[PDB]
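One is the number of the first residue; the rest follow in order along the sequence. Both counts, for ligands and for their atoms, begin at 1 and track the order of listing. The basis for the numbers below is simple: all heavy atoms, side chains too, and nothing from hydrogens, waters or symmetry mates.
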Amino acid sequence: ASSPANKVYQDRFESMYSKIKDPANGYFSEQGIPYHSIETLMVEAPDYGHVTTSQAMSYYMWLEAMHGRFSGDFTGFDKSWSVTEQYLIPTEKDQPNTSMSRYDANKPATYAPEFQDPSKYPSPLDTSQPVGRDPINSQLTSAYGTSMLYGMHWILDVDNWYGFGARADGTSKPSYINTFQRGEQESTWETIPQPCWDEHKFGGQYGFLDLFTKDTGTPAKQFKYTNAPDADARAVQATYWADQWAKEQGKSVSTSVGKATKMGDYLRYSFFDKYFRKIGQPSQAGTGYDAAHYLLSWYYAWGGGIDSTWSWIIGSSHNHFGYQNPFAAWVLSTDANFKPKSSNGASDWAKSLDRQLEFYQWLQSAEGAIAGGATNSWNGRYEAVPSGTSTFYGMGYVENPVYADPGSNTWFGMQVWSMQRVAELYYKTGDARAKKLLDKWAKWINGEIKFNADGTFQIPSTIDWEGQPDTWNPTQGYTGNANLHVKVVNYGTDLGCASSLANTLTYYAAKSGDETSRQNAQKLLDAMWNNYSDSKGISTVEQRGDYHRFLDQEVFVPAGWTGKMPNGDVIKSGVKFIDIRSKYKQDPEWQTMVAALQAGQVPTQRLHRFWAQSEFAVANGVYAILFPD
Ligand SMILES: OC[C@H]1O[C@@H](O[C@H]2[C@H](O)[C@@H](O)[C@H](O[C@H]3[C@H](O)[C@@H](O)[C@H](O[C@H]4[C@H](O)[C@@H](O)[C@H](O[C@H]5[C@H](O)[C@@H](O)[C@H](O[C@H]6[C@H](O)[C@@H](O)[C@H](O)O[C@@H]6CO)O[C@@H]5CO)O[C@@H]4CO)O[C@@H]3CO)O[C@@H]2CO)[C@H](O)[C@@H](O)[C@@H]1O
Ligand SMILES: OC[C@H]1O[C@@H](O[C@H]2[C@H](O)[C@@H](O)[C@H](O[C@H]3[C@H](O)[C@@H](O)[C@H](O)O[C@@H]3CO)O[C@@H]2CO)[C@H](O)[C@@H](O)[C@@H]1O
Ligand SMILES: [Ca+2]
């Protein structure tokens, strides 16, 4: 039987759940897939509001798990997994096993350098550069009996807004698409959206392939997908809770547990260097696990031929603290129900749990906030790490891992998303490493929360950094990082970030007994409910400072390359963001946005992001369960 929950906060979870599932609100598509946001004029990570992301699906899982906890009905949780497998994990028609089974574990992929400016792409493949061997493929094919990968592709054009359709048909939905392809300086405003399944039917002569990669021969028709590791790890985390809560009620979500465990098994691909180069010795091809950094890197990607049979897989050399999930790592390495079928699954996750906690500690600034991360590939070309750069297991410290436009660790959101998982681990196990990280981090953030007399509040929005952490030495541990400092540049009222912050502080307060954390958490939840509630969940008016880029951001296109988007928009040198997405001019908010830009004002919007609304719903449920009185 489930323990008693605080009725006030449980009612708030239930109300939010109803608003989110309400057909009249429009959070979901006709096929039952959650959109990034109700509003369509939306550019920030995805570039259209009605795409879905693996991030959104993992939050949909978390929300349903919590609903099962309070309603005793888990059919909604099972459906969230059913929709995920059907639409976001490439089926056998999407990643043909005829091509995947031709994968060579001794030569996973061909090397190509990464560049610091989009104008340097396409990147040339070089078969002469070393690539290490993949030690886990044989464990996976043996356990699952297929060469296909079981992980979520990160983004999906749900209603076929771009027009690529399914597997080049131009009319089916949903449509697997990708955007980012050209390095750290390619922001969301600088991409050329392309289909994951490229048969050369759209774009240029060879589809969109030769805009990004250059091979010696003529480009082959091919498919390719990219995982967002933090999303798949959150799927495991949510499923573990669904399992606990269901068992407390004599119910079962067994089939969903099996899918989550399999997902966590394939997620181990994010533990490896991009081209399987030895960690700390980037010039050398790895011989197996010496190429594993054991952290959740920015991605793992795979692809292969459509017209011929071949395939490749790559991990990622770049690591950000914001993606780590020590809670998911503890579940997969210690809980018997979540033990992966592969021979080394549970043990690799046990190594990752230890490595991740060391990574967070190495990165903790003098004040408490967590710094960026590290990379095993300097400048994305395995260049020499400049002297004086501190390192973690041979990997050089990077202030803003992967992206510089804008910096990936300048947004406060990463702090709460990632520390929330540490709070859960601490709550369940009382781990000393987790406690040490949280005591300092929570002291830092509790001094940055500002409540106003009118009931509104502000938390850090944009942050900046100075210095670097001291080189990590595992036998000596944290030095205090006196030379690494965080600076809060400005404050804001991001409701998704505040809900995640409330969740983190609630788990931490329930275990540590810290009253300040508990009352700050409750004041954040009350403030949001009482002053930011609306008919669709919660919202506030926010400035869209980068929206001028719709009209003025030039998109790089190689000299002489011309092609067309499915709707006829011409892709060629000179185009702006809006030129290859002309359908946006039909958006209901378009004229309003443009009128503001014309008058020299910053456009504003009232947004209902799926992840933010679910975050607030879950934050209320966590509080109802941990503080029942
Ligand atoms: O000999 C057999 C046949 O070989 C063929 O040649 C093949 C060759 O074998 C193969 O190895 C080669 O593979 C390369 C691919 O062609 C190439 O496209 C691929 O590019 C990677 C790229 O290296 C990587 O940087 C890029 O990362 C992006 C990612 O795409 C994007 O989704 C991700 O987005 C994240 C967001 O940034 C984040 O905010 C959000 O939250 O999550 C998103 C998801 O993680 O961002 C990252 C980083 O910016 O991914 C692309 C893949 O899309 O690299 C391969 C390895 O080098 O292909 C060759 C040609 O196909 C011969 O052609 C044939 O004749 C022979 O028979
Ligand atoms: O890529 C990380 C996640 O980003 C989420 O979007 C956030 C933007 O990255 C962030 O820039 C924005 O915050 C702005 C805010 O909109 C503006 O009013 C203020 O002046 O400046 C802030 C800082 O630039 O917030 C959004 C929403 O939290 C994506 O929603 C998410 O999918 C993605 O993982
Ligand atoms: Ca740029």
Are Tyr225 and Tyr176 an aromatic pair, judged by ring center distance below 6.0 Å? yes
Atoms of ligand 2 under 4.0 Å from any heavy atom of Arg544, numbered from 1 in the order shown, are 16 (O)
Atoms of ligand 2, numbered as shown, that sit under 4.0 Å from any heavy atom of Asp494: 25 (O), 27 (C), 28 (O)
Ligand 1 contacted by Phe223 (non-hydrogen, < 4.0 Å): no
Without hydrogens or angle criteria, can the side chains of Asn409 and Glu399 be said to hold a donor-acceptor pair below 3.5 Å? no
Under-4.0 Å heavy-atom contact between protein and atom 48 (C) of ligand 1: yes
Quick one: does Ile155 get within less than 4.0 Å of ligand 1, heavy atoms only? no
Less than 4.0 angstrom from a charged side-chain N to a carboxylate O is my criterion; do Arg609 and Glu39 meet it? no
Please determine if the Ca ion (ligand 3) has an N/O/S atom from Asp117 lying under 3.0 Å away. no
Name the one of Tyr35, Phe28, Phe610 that satisfies ring-ring contact (aromatic ring centres under 6.0 Å, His included) with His50? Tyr35
Closest candidate by heavy atom, reference atom 31 (C) of ligand 2, pool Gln55, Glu44, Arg609: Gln55
Distance below 4.0 Å between atom 41 (O) of ligand 1 and any protein heavy atom? yes
Just by distance, no angles: are the side chains of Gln605 and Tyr547 close enough, under 3.5 Å, to form a donor-acceptor pair? yes
If we only count N/O pairs under 3.5 Å, is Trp310 in contact with ligand 1? no
Suppose I only count heavy atoms of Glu542 and a 4.0 Å limit; which atoms of ligand 2 are within that range? 15 (C), 16 (O), 18 (O)
Kindly confirm or rule out an N or O of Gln181 lying under 3.5 angstrom from an N or O of ligand 1. yes
Measure from atom 11 (O) of ligand 2 to the protein's non-hydrogen atoms and state whether any distance is below 4.0 Å. no
Indicate if the distance from the Ca ion (ligand 3) to the nearest N, O or S atom of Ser187 falls below 3.0 Å. no
Counting only heavy atoms, tell me which of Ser500, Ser461, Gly492 gets closest to atom 21 (O) of ligand 2. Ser461
Could you tell me whether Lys201 atom NZ has more than 12 heavy atoms of other residues or ligands within 6.0 Å of it? no
Can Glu383 and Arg381 be said to form a salt bridge (charged side-chain N to carboxylate O under 4.0 Å, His left out), step by step? CA-CA 5 Å; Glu383 298 194 343; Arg381 296 183 297 272; 3.0 Å; yes
Can you tell if the side chain of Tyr300 reaches within under 4.5 Å of the side chain of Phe271, non-hydrogen atoms only? no
So which protein heavy atom does atom 31 (C) of ligand 1 come closest to, and at what separation? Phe180 O, 3.4 Å
For atom 21 (C) of ligand 1, the protein heavy atom that lies nearest, with its residue and separation: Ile314 CD1, 4.1 Å
When you measure from atom 2 (C) of ligand 2 to every protein heavy atom, which one gives the shortest distance, and what is it? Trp411 CZ3, 3.7 Å
Ignoring hydrogens, tell whether any protein atom lies closer than 4.0 Å to atom 1 (O) of ligand 1; use the non-hydrogen atoms only. no
Can you check whether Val402 has an N/O within less than 3.5 Å of an N/O in ligand 1? no
Measuring to protein heavy atoms, does anything land under 4.0 Å from atom 25 (O) of ligand 1? yes
Taking the six-membered ring for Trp, are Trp62 and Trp611 ring centroids under 6.0 Å apart? no
Atom 45 (O) of ligand 1 sits nearest the protein heavy atom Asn227 O, 2.8 Å
Closest to atom 18 (O) of ligand 1 among protein heavy atoms sits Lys224 NZ, 3.0 Å
Shortest protein heavy-atom distance from atom 56 (C) of ligand 1, along with the residue and atom involved: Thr110 O, 3.5 Å
Electrostatic pair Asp47:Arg581 at N-O distance under 4.0 angstrom: yes
Indicate yes or no for a side-chain donor-acceptor contact from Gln543 to the backbone of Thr604 under 3.5 Å, with no hydrogens or angles considered. no
More than 12 foreign heavy atoms under 6.0 Å from CD of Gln116: is that the case here? yes
Starting from atom 22 (C) of ligand 1, which protein heavy atom do you reach first, and at what distance in Å? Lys274 NZ, 4.0 Å
Does the ring center of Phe164 lie less than 6.0 Å from the ring center of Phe208? yes
Just checking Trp312 against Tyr103, ring centres under 6.0 Å apart? no
Can you sort out which atoms of ligand 2 are near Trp417, meaning under 4.0 Å from one of its heavy atoms? 34 (O)
Protein heavy-atom partner closest to atom 59 (C) of ligand 1 - residue, atom, separation in Å: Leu125 CD1, 3.9 Å
With a heavy-atom distance limit of 4.0 Å, tell me whether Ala109 approaches ligand 1 through its side chain, its backbone, both, or neither. both
Salt-bridge criterion met for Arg549 and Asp552 (N-O under 4.0 Å): no
Please indicate, with yes or no, if any protein heavy atom is found under 4.0 Å from atom 14 (C) of ligand 2? no
Is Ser270 reaching over with its side chain to a backbone N or O of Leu267, donor-acceptor style, under 3.5 angstrom? yes
Report the part of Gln55 in contact with ligand 1, treating N, CA, C, O as backbone and CB onward as side chain, heavy atoms under 4.0 Å; options are side chain, backbone, both, neither. neither
Please confirm whether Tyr275 approaches ligand 1 to less than 4.0 Å, judged on its heavy atoms. yes
For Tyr403, state whether at least one heavy atom is located under 4.0 Å from any atom of ligand 1. yes
Is it true that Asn376 and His318 share a donor-acceptor pair across their side chains at a distance under 3.5 Å? no
Note: ligand 2 atoms sitting under 4.0 Å from heavy atoms of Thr462 are 23 (C)
In terms of atom number and element, which parts of ligand 1 are under 4.0 angstrom from non-hydrogen atoms of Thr213? 17 (C), 18 (O)
Any atom of ligand 1 sitting under 4.0 Å from a heavy atom of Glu186? no
Hey, is NZ on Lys107 packed in by over 12 heavy atoms from elsewhere, all under 6.0 Å? yes
For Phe212, state whether at least one heavy atom is located under 4.0 Å from any atom of ligand 1. no
Which heavy atom in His36 sits nearest to a heavy atom in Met42, and how many Å separate them? CD2-CG, 3.6 Å
Short list, please: which atoms of ligand 2 are under 4.0 Å from a heavy atom of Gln543? 16 (O), 17 (C), 18 (O)
Does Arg182 make a cation-pi contact with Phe556, if we ask for NZ or CZ under 6.0 Å from the ring centre and within 45° of the axis? no
Aromatic contact, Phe550 with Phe577 (centres under 6.0 Å): yes
Which of the atoms in ligand 2, numbered in the order shown and given with their element, are less than 4.0 Å from a heavy-atom of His36? 30 (O), 32 (O)
Would you mind checking if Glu44 and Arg544 are paired as a salt bridge, meaning a charged N to carboxylate O distance below 4.0 Å? yes
Looking only at protein heavy atoms, identify the closest one to atom 1 (O) of ligand 2 and say how far it is in Å. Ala45 CB, 4.1 Å
For the Ca ion (ligand 3): the N/O/S atom of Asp405 at shortest distance: OD2
